[PDB]
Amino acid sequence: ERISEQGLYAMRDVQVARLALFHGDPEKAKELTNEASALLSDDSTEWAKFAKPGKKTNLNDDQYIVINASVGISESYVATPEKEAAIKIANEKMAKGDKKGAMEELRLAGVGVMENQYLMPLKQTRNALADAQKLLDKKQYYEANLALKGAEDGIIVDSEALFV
């Protein structure tokens, strides 16, 4: 994976924190927001290893960080002998680690394969968590929920044809 596990866990923490605020548990929300902030602010983390260059951020000098990924499949689902043969060869090539050859066989049988990457703008997200922490410290719990929502709103999905 080129997925940043720290960014993935941080955003999962934000989701649970926002729900905690509406279930009368600000203390859990505060602890989770602190965990998320610390996950994104480590000096040892090599964020460049997870960055998506070429995706321009709203903040200058910021970068989008890959924090999750999924596979997207498109096809007709019609079984033909030719498509079954292509899939058999694709499976063969994938077993041998020939990922690029496997994808070529799938694509000629009408299968589209995308990698969906979930992208987090690093400094923009840190700034939103910092705003949330200040509000939590002042017990402005609804407002903290909105700042956390703003962090979630910065996450985008980018889909790219795999091995094309």
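All residue numbers are counted from 1 along the displayed sequence.
As listed in the deposited structure, the average C-alpha B-factor of 150-158 and of 19-27 is greater for 19-27. Taking the mean C-alpha B-factor of each stretch as recorded, 92-100 and 30-38 are not equal, and the higher mean is that of 92-100. Ranking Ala69, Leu59, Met120, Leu108 by Cα temperature factor from the entry places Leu108 first. Ranked within its chain, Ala79 lands in the highest third, by CA B factor from the PDB record. Per-chain ranking of the deposited C-alpha B factor places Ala48 in the highest third. For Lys134, the recorded CA temperature factor ranks within the middle third of the chain's modelled residues.
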